[PDB]
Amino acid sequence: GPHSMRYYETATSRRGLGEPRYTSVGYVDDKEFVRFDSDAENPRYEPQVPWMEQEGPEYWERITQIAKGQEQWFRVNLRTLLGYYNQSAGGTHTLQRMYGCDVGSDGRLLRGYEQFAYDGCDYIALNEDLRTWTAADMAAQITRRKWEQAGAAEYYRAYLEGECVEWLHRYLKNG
């Protein structure tokens, strides 16, 4: 049967005070399997299920550094969207990203996902073709023009058709 992997990432700026709280949660077949929380005593990705303890320290170190980079990305882009929506600084805002893959019995990519939401509203989403973008409003059209010119869709497609499927199968084997 089919299988799926998804990551949901959120960053929340509270009252503009300090660093956004960043969280990332991964799911395989609708089961949470890893998780990162910036508010933890020492922020690292942690296994949420016993079959993930099969991965060595290098795996954890690596994906933790990916989380570290993502924190910065979310910081910068929260600021950018404050700009696009002409909102005053000092407020509370959330930026979310969901991405991942569905694969068939065949073990091949059935559908990829890469999509972003701001303050609980759709912002920009990669279409099923993994080539074109749905922009939810006029602000998101700015990003879409930039992303069409930068080949962002190809960038995400490289992960969705490569790493995403491979890792999903590795985790299905681990489980």
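Numbers for residues come from their place in the sequence shown, where the first is 1.
When 165 to 173 is weighed against 1 to 9, 165 to 173 comes out higher, by mean CA B-factor as recorded in the entry. Of the two segments examined, 95 to 103 and 77 to 85, it is 77 to 85 that shows the higher average Cα temperature factor in the deposited entry. When the C-alpha B-factors of 26, 50, 69, 120 are ranked from the entry, the top spot goes to 50. Sorting 65, 134, 143, 115 by the CA temperature factor given in the entry leaves 65 at the top.
When the modelled residues of the chain are ordered by C-alpha B-factor, residue 147 sits in the lowest third. For residue 54, the recorded CA B-factor ranks within the highest third of the chain. Only modelled residues enter the ranking. Sort the modelled residues of the chain by CA B factor and residue 127 lands in the lowest third. Among the modelled residues of its chain, residue 30 has a C-alpha B-factor that falls in the lowest third according to the deposited record.
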